[PDB]
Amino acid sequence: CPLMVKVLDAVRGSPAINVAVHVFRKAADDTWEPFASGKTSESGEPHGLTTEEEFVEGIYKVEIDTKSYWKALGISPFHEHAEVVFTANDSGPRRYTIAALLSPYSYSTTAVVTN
């Protein structure tokens, strides 16, 4: 798994479960093409997003459906979603983990890029 997403809930102190995660890759015509998607498991991760063959260099967007998550918990959210946009560059062997920490009026994201 060269691309992993981990979503945590800062209100309940737990992984954010049943969250929709959509991944897009910037096409040559500058539009966002669907790339991969899933729903977070009990661990807060959508399993098997992509492969080493499909995940080439490019600009990617990871859209997390935070609005549906907070609505399902009966909590009033601020954001429509959380979108993380980054260039993936292969320098040496690399795996990307995009971690997101959610609060109703805030989110934090970080990337963990390992050899």
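Numbering starts at 1 and follows the sequence shown.
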**Complete:** As the entry reports it, the stretch among 81-89 and 23-31 with higher mean C-alpha B factor is 23-31
**Complete:** Once average C-alpha B-factors are taken from the entry for 90-98 and 103-111, the winner is 90-98
**Request:** Can you work out whether the C-alpha temperature factor of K61 puts it in the lowest, middle or highest third of the chain?
**Result:** lowest
**Prompt:** Lowest, middle or highest third: where is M4 by C-alpha B factor in its chain?
**Reply:** middle
